[PDB]
């Protein structure tokens, strides 16, 4: 009906479908001011309750409308290390803007809170700079950070500011995590990631790139030569369904496809030396953000037909709703309640087809809230020359075993205190997907914040969870 969000510049679907430039272009200042005036400044501010780290949302929006952008950035920065990221990638539809009261008005949309966080962060990022430092020579203790994702970057940043020696160890050649090899450029521009890394680098943090912990440097070395250790290795194995035809040429994990496309930039081939297989008709299994970004990455390679194949319905799709629509706008087709059975290959080796069925709801909760059961005679085949499986990911099973006394959870993730981040091993902390499983950037950020604070508290002698 009435109060909807303020429109922002976006790439046209037909033009952006073949290139990797960012789709959401970002608010102009006047647009940000227009959106900011929509905030009712609720004294009870339920919006804050919708935020995983409970950012002072009406505060930074208010300082924005008051033309005080400097204070707005600092308000955000007190709560969130990576606001230029979360403004872009947060599923605001199920978090903060899901709790905005103006959305509770009759047929009205919530204040674009994610967009305003994005604006303030970007406005102060693209042009404005901060300061110099390092202050990380103040304290005596050395800390080893494993992984340069949202968690490791945040933890390292906070510990450096606190004065401790911080060594980040990264396996790949570019920092870090999902922000470089996971999420594509048309969602999260890498300039932002490189910027934050340089910012953390300017804080005095030492980056050990091309270093696989447990291999390049052994676990028991990290434990010997450091005062504290943060395990922020995230989770990506990945997981293969294991159905027949999995070993066929043209079948991909979303990990390999995206690592090639995002980190190795196979779409700029042959400028970049990393190749990728042709895909005129491609099927991506799953409806998560991983599946959605993969399919969207595939279409930009010259794909004629791109299909989403999902076991459940639309409403159950975990992907970011804006990005779901974006995928639709690019021409990607969605198949709900469909489960692949096998992959059919040719004599020369190549995926030509895929056997599938349809699904329905029967049992309550066998496994997963609406556990789906296949339907007989719904069995059909789909003609695809490329297949990307995005059904999930897992923790690093061998690496965790090299940590003596480290206790795992239900199925492989680290047992770690939610607030302190302290594990069963003295001085060792952890956070992000390596603890919670698949989750959000903002939560990985927050875990990095909390762990860093209690590493500080621990290294000062104040607090010690390891007694016996």
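Residue numbers count along the first chain shown, from 1.
Which wins on mean Cα temperature factor, 357-365 or 245-253? The entry gives the higher C-alpha B-factor average to 357-365.
Mind pulling up the entry and telling me whether 408-416 or 429-437 has the higher mean Cα temperature factor? Mean CA B-factor is higher for 408-416.
Between 345, 374, 286, 189, which one tops the list for C-alpha B-factor in the PDB entry? Highest CA B-factor of the listed options: 345.
Residue of maximum C-alpha B factor among 72, 237, 98, 78, per deposited coordinates: Each of 72, 237, 98, 78 was compared by C-alpha B-factor; the highest is 237.
Among all modelled residues of this chain, ranked by Cα B factor, put residue 123 in the bottom, middle or top third, i.e. lowest, middle or highest. According to the entry, residue 123 has a C-alpha B-factor in the chain's highest third.
Using the temperature factors of the C-alpha atoms in this entry, rank residue 202 within its chain: lowest, middle or highest third. Ranked within chain, residue 202 CA B lands in the highest tercile.
Once the chain's modelled residues are ordered by C-alpha B factor and cut into thirds, is residue 66 in the lowest, middle or highest one? It falls in the top third of the chain.
Within-chain third of residue 150 by Cα B-factor, per the entry: Answer is lowest: the recorded C-alpha B-factor places it there.
Based on the deposited C-alpha B factors for this chain, I'd like to know if residue 450 is in the lowest, middle or highest third. Lowest third of the chain for residue 450's C-alpha B-factor.
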